[PDB]
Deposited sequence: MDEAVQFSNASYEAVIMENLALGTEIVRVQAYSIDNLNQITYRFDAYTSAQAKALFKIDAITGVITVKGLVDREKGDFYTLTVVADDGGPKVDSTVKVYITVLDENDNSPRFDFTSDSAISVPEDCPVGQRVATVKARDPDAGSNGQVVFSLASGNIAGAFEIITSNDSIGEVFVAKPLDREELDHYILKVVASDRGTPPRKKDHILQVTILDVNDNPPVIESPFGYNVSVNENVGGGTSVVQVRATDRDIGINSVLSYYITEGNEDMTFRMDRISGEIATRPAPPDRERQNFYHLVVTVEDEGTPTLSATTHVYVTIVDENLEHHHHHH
């Protein structure tokens, strides 16, 4: 009718082996038998058992702190003669038994213009770890593919990773990244999960046409429609940012010459001076418009 103690307490690690003895209830007057009362939860009765004779409570099931960190058992001491009851309080401590998992709201493929300023945010990732304290805090890093330190990841709220431009980008040097984002917990030792973020670098019109002849063109013609010279230029950008237009902008007031806008070929017009100094402008078709100038000196 009386118990060895006012209540019983035990502190156990989650995932403790089945059969582990956690506490012994003892009552005294007649044989005494021990059992859980009717009100003790189904969840608790699946995890713990009490020996009818000894009063020893053992681990019966898989104790998972992420499913519950505290149980109240009520134990009946039946002398076969209402029976006395006593409370048993079980605290469950944390194992670092979970790795971070990325949420599906995490960016996995982004497009960044190569003139994206240092400090601008280009992506966010989110990860969770259901362990307790340090075992559940998440910190992000860029473990590989972060060529020349282009990007940096900053962690908020042990939960969100913000990806920023850390160094100026240049599509003409590197037009894509495969960043291996790592979510680590702060367990000792830590558990980690990786996530791939693909970065495509978009072109800006940041390269001018470059004239292939550094000193311009010096030519003699002795012609109606006779080709005189082809001006050529290149451009390091792509798409419309490297599509070139060729114009004669000065020295052709008497209309002796024609320049094909696309090919840069100069011809005499179908149709007087012994000498012409043509100025040629080459423009790309991007924004802002970039251009180069060259000189074409024509002797007839």
{"property": "Ranges of the deposited sequence (numbered from 1) for which no C-alpha atom is modelled", "result": "1-4, 34-37, 90-91, 234-236, 285-289, 319-330"}
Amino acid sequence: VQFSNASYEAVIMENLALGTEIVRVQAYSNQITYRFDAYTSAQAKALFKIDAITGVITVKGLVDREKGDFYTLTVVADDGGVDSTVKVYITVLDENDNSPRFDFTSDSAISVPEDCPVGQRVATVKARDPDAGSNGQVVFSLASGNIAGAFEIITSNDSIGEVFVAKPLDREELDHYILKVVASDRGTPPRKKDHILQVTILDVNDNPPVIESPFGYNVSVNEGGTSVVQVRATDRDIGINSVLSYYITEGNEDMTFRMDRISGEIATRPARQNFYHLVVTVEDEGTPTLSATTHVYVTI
From here on, numbers count along this sequence of modelled residues.
| property | result |
| --- | --- |
| Average Cα temperature factor in the PDB entry - higher stretch of 10-18, 283-291 | 283-291 |
| Stretch exceeding the other in mean C-alpha B-factor - 209-217, 115-123 | 209-217 |
| Candidate set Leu197, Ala132, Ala77, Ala166 [ranked by C-alpha B-factor, highest] | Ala77 |
| Highest-ranked of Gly61, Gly55, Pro270, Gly251 once sorted by CA temperature factor in the record | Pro270 |
| Record-listed C-alpha B factor of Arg261: chain third | highest |
| Lowest, middle or highest third - CA B-factor, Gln137 | lowest |
| Cα B factor band for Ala42 (lowest, middle or highest third within the chain) | middle |
| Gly149 - which third its CA temperature factor falls in, relative to the rest of the chain | middle |
| Chain-relative CA temperature factor third for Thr72 | middle |
